[PDB]
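Undergrad: Right, I'll just put the structure down here and ask away after.
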Amino acid sequence: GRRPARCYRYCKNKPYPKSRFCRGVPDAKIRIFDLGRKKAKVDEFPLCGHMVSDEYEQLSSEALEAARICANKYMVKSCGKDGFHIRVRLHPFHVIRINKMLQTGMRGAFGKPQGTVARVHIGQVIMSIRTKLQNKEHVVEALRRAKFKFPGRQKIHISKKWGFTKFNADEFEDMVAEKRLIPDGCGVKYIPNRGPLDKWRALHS
Amino acid sequence: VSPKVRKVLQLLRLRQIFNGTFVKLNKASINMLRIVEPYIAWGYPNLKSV
Amino acid sequence: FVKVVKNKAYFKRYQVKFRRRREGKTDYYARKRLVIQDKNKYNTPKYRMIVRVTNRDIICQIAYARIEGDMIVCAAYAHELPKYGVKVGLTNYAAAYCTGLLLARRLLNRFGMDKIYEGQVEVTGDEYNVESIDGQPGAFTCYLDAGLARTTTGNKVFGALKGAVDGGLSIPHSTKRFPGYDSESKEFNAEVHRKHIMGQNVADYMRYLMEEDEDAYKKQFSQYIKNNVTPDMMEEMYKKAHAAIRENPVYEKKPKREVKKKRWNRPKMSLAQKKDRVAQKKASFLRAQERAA
Amino acid sequence: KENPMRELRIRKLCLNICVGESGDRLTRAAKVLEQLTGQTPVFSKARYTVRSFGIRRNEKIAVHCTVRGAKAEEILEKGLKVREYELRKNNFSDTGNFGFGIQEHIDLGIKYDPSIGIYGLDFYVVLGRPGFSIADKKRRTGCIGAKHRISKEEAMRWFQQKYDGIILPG
Amino acid sequence: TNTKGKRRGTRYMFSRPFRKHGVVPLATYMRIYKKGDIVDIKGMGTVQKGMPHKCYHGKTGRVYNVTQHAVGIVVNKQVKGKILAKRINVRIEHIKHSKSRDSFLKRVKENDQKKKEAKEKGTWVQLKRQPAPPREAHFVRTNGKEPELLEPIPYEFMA
RNA sequence: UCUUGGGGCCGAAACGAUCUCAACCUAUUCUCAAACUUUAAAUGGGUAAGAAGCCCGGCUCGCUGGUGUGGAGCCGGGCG
RNA sequence: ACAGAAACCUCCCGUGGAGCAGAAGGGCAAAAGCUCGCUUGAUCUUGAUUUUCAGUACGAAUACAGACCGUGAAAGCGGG
RNA sequence: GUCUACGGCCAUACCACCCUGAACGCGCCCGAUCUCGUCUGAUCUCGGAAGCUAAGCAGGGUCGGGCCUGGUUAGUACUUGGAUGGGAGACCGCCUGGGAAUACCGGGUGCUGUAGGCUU
Ligand SMILES: [Mg+2]
Ligand SMILES: [Mg+2]
Ligand SMILES: [Mg+2]
Ligand SMILES: [Mg+2]
Ligand SMILES: [Mg+2]
Ligand SMILES: [Mg+2]
Ligand SMILES: [Mg+2]
Ligand SMILES: [Mg+2]
Ligand SMILES: [Mg+2]
Ligand SMILES: [Mg+2]
Ligand SMILES: [Mg+2]
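Protein chains in written order, with the authors' numbering: chain I, 2 to 103, 112 to 214; chain F, 100 to 149; chain D, 3 to 295; chain J, 8 to 177; chain T, 2 to 160.
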């Protein structure tokens, strides 16, 4: 049906989003980017491991969907359906075209949309998994398997941030004690020393 | 030789290979030497060299 | 619940109008055409007569525009008129005429053209335009700057304009907007205009109130009574005001007096004061929390 | 002691009769307002065309007028008498205004006329304090200010004191 | 190919800057331009009259004519291998006095004054500019402190 | 969260109670733009770097003008 | 009041999120938008200029100059 | 100290709320005979001076939003010129110069021209 992914591995064309100038793009293969216990509070899952791209390339929505299933199944098998929270961090927005042959030749050769791909950079995170700390080895194995669904080189890297937050894990707890961080579900809100003093009263009352 | 390098080499009077001239240094001239950097060996001569 | 329109983005994207436009004082569409001089006339100033009527005054000024701000060349105020015999009614049509005339006579006195260009010393209220005299300095030409006033017939800005043309200034205009111009017949009555200039419309109103209701009369003209201004003497009062105005239009500035320093409003708090005030508030809040516990 | 320039007053009384169709009825409706108020009203045209309502755009479908000053109070007394000086808390807008409706205009002390018929109408009372006109003038127009505005409570309080009225819950 | 349209490609060139739309400040019309002036052309989209053609945006010229609203400018335009002196008519909204010559004019005056001040004093002053010379010798005091030793930091994969 | 709907659910039944899921609003959060943008490079494009300049005194004008004002032109002169 | 998601009246917020014949892009808030009033600068005329460019033509457009008018209280604006 | 008329730059000046305003002002305010215009003297126009700073307006405030300006982000991203540099490539490193922008943190919150007032 679709061409081998080697035909579209390289970011050769400018980004080609689904817009009012590109109509008729088929729906993407990946429609779910979060699964696991999305509703876990920020503190239940202090660990976060990433799959990081070593290559500047295009990933197809089929490979994102395949990896999501691959990583999720191994996590459910080893940590339970409520022991983790996965977040695919790439959305397939760039559209790839196909000039379908069977004849005009190369005349009028601009192609119709064929699918979608995500344009990833060196160092960009492909997907992330947060779970409890005694699942460090399970996270590494879950992401190591998912790599086989992608072209090119990736690295699994355990983050020093707390879960899916932007704050270093070693200093997360104290910031929560000083009310600089207020849990808001999956993440945290950051409280600066600014704005109406009334807010400070509510936090400190 | 590219057009900008070719002009700068002519102002220094280095129209031929292994041609030599003295250049008194300053912001104006030091930036010219940067343009022709791949085409010249330069440095600070001593009294014996002069 | 509905979207907050005046959110943070509404202000990041917001552009404020010109300050004088925010204040509602200047019409910048009108100002551009009034004050901008043709580029081939270079620095030749483009004068204009500013007439602004406040709730209790009439301000008449002669200004030309510069890049740093307008330079007021001459200025006359209706609150000066008591020096010339007019005590009350300093915002009516007759006062506007006196204020405008005093502006023209004051300006022409400054340039030394008052003897040359005497204007219409006898008020007929009819169309009159001064012409330059050959061999003499040209007549001073300016334009009326009406501001935001709705320039309908009888608008007092045209009373001040009439005073300035009768003073000797050259200001292009027609009679369509003087009181006494009849829209139905498209014809102008110079006697009706002469009535407003002398305030007979005010005097006729007094006799009306006097012959209709004493109480309403006292309410409407309490300060005319206090100054002994009666309907009969109004025309000669204004006539005596014009003659004195032409006799001496010069302004003598109020002598500036030193005053002991006195601050009538607060200054800005310093950073230390503001920063401490929050420190005091924070300690006070916890202190009150600890007690209630 | 309250400052005198803070007291409430009736800025204007807005009477409206949306007859719903141009023609003989609308012209008659304009006459009723002229009787009740004493001044010629002005028609209003449909902003759009609505098939169900049977109105085409730019068609006269309503007649309204503004009554101010002493006449505004006198007519307001008529309408509030017909309502027995009873209003509902919801009838008061959050901006300090209120209004009510009347089913037959004859109830307002207007003698019935065979050539005119009967009509309903709307009463909307716009309240205000002195200084409310700074926002309606040309030169140096401004906003009245938070402390100077009128609240639903203040208007409800004013209605009770001015007419001893009753504000029905609901 | 491309259209030959007059205002093609000026989507950003002629638009007004951010939060600077609306009225044109009147000091734009209070400037005095004289024959022989140097002016920078910058098309303004608010005024659609006298708009200089896009090829003249960002070029500087010499004023040769002044009318009620616009000026005549002689501005060099390069077309292939030649440079033409083009005479354009541009409304004074789209131009502004160039500051390029000022630093020269400021220098002309200070030179003539120095040339006159030093002359009466029987001395000699520098008038010509010079390129920045190489910095002369100087001592650097350590102030009894040892310069901080610096080392490259270890690589750490901040992903 | 009642400012609207879906499920229920005590009911005599209501905007009475009870929840619950949606939409809605409020701060957050992941990810994007050749035909988006508040910002904003490098490289680049004009111009200027004097004698055709600078500064004086005067004359002409039908142009502009409160003004022997303004601008332009012309004439003599001093400055390398 | 009839009146409802939607008729008309009122108050409040409203940087334009509308409108400006049309494609899009720019521009515009006491306006370039909407509504009234008066009107024919969409007229007569010689040159210069700009754009495509060969620095030819056309077309379109830009500053002026000479008349005749419109409009406005006027400054001005208008030869589509 | 500060206001009024006309301004220049056009948020450091805006927006929200709160406090305070001496004198002169500027206003709110009171009326409709006249001028003028409305369904309506609400607006516009006109004639006034009983009352009031309630509001506009002015000054001050807010661990205020915005705006302005610095720091950090960062010599990072990007980039001119160079190599018979690496790599299957994708790309990457170095040499020679230039060098950003968010989030985050701090500070500031109109200046000023002409004319005329008030303020021992
Ligand atoms: Mg095959
Ligand atoms: Mg391609
Ligand atoms: Mg006007
Ligand atoms: Mg307030
Ligand atoms: Mg208009
Ligand atoms: Mg003409
Ligand atoms: Mg007082
Ligand atoms: Mg009134
Ligand atoms: Mg107060
Ligand atoms: Mg702040
Ligand atoms: Mg200030």
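Don't be surprised by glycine CBs; every beta carbon is placed ideally from N, CA and C.
Note down the Cα distance separating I165 (chain I) from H86 (chain I), rounded to an integer number of angstroms.
TA: 16 Å
Undergrad: Below 7 Å on C-beta distance, what does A133 (chain T) contact in chain F?
TA: Simply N125 and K126.
Undergrad: Does the contact criterion of 3 or more C-beta pairs under 8 Å hold for the segment 109-120 of chain D versus the segment 134-142 of chain D?
TA: yes
Undergrad: Just the chain D side, please: which residues come within less than 7 Å of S62 (chain I) by C-beta, in chain order?
TA: Chain D residues near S62 (chain I): none, gap ~32 Å exceeds 7 Å.
Undergrad: Taking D207 (chain I) as the reference, which of D:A65, D:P174 and D:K283 has the closest Cα?
TA: Closest option to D207 (chain I), Cα to Cα, is D:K283.
Undergrad: Report buried or exposed for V149 (chain F), applying the criterion of at least 16 other Cβ atoms within 10 angstroms of its Cβ.
TA: exposed
Undergrad: Thinking C-beta only, is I24 (chain J) closer than 8 Å to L128 (chain J)?
TA: yes
Undergrad: Check this for me: beta carbons of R153 (chain I) and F287 (chain D), under 8 Å apart or not?
TA: It is not a contact, given that the beta carbons lie outside the stated cut-off.
Undergrad: For the segment 112-140 of chain I, which residues have a CB atom closer than 8 Å to at least one CB atom of chain T, in sequence order?
TA: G132 and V134
Undergrad: Going by alpha carbons, who is nearest to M212 (chain D) out of D:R21, D:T232, D:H195 and D:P84?
TA: The option with the nearest alpha carbon to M212 (chain D) is D:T232.
Undergrad: Under 8 Å, Cβ to Cβ, is there at least one residue of chain I near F287 (chain D)?
TA: yes
Undergrad: Going along chain D, which residues have a C-beta under 8 Å from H70 (chain T)?
TA: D40 and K41
Undergrad: Do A53 (chain J) and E66 (chain J) have their C-beta atoms closer together than 8 Å?
TA: The Cβ atoms of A53 (chain J) and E66 (chain J) lie closer than 8 Å to each other.
Undergrad: With distances taken Cα to Cα, identify the nearest neighbour of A72 (chain I) among I:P93, I:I200 and I:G50.
TA: I:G50
Undergrad: Which term fits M200 (chain D), buried or exposed, when burial requires 16 or more other beta carbons within 10 angstroms of its beta carbon?
TA: buried
Undergrad: Determine the DSSP secondary structure at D278 (chain D), reduced to helix, strand or coil.
TA: helix
Undergrad: Of all the options I:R69, I:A6, I:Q163 and I:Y17, which has the alpha carbon lying nearest to the alpha carbon of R88 (chain I)?
TA: I:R69
Undergrad: Just checking my contact of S172 (chain D) with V132 (chain D) at CB under 8 Å: how many whole Å lie between their CB atoms?
TA: That belief holds up - the Cβ atoms of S172 (chain D) and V132 (chain D) are roughly 5 Å apart, short of 8 Å.
Undergrad: Could you check which residue in T:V64, T:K115, T:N112 and T:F15 has the C-alpha nearest to that of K41 (chain D)?
TA: T:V64
Undergrad: Under three-state DSSP, which class holds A155 (chain I)?
TA: helix
Undergrad: Measure the CB-CB distance between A65 (chain D) and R108 (chain D) and report whether it falls below 8 Å.
TA: No. Outside cutoff.
Undergrad: List the residues that DSSP assigns as beta-bridge partners of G62 (chain T).
TA: Paired residue(s): T:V40.
Undergrad: Could you tell me which of D:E70, D:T56 and D:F142 sits nearest to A97 (chain D), measuring between CA atoms?
TA: D:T56
Undergrad: Can you name the residues of chain T whose CB is closer than 9 Å to the CB of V53 (chain I)?
TA: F158 and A160
Undergrad: Terminal residues of the continuous alpha helix (DSSP H) containing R69 (chain I)?
TA: DSSP places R69 (chain I) in the uninterrupted alpha helix (DSSP H) bounded by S62 to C80.
Undergrad: When you compare only the Cα positions, how much space is there between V89 (chain J) and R146 (chain J)?
TA: 42 Å
Undergrad: Is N14 (chain I) near ligand 2, with its Cβ less than 7 Å from a heavy atom?
TA: yes
Undergrad: Three-state secondary structure (DSSP) at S51 (chain J)?
TA: strand
Undergrad: Does the CB of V90 (chain D) have a neighbour CB from chain I at under 8 Å?
TA: no
Undergrad: Using a Cβ-Cβ distance cut-off of 8 Å, determine whether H95 (chain I) contacts chain T.
TA: no
Undergrad: Assign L60 (chain I) to buried or exposed, taking buried as 16 or more other Cβ atoms, counted over all protein chains shown, within 10 Å of its Cβ.
TA: buried
Undergrad: Quick check: the Cα distance between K270 (chain D) and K276 (chain D), rounded to an integer number of angstroms?
TA: 10 Å
Undergrad: Using the Cβ count rule (16 or more neighbours within 10 Å means buried), how would you classify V126 (chain T)?
TA: exposed
Undergrad: For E129 (chain D), collect the residues of the same chain with a Cβ closer than 6 Å to its Cβ; drop the 5 residues on either side in sequence, then sort them by chain order.
TA: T177
Undergrad: Given a threshold of 16 other Cβ atoms within 10 Å of its Cβ, counted over all protein chains shown, does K158 (chain D) qualify as buried or as exposed?
TA: buried
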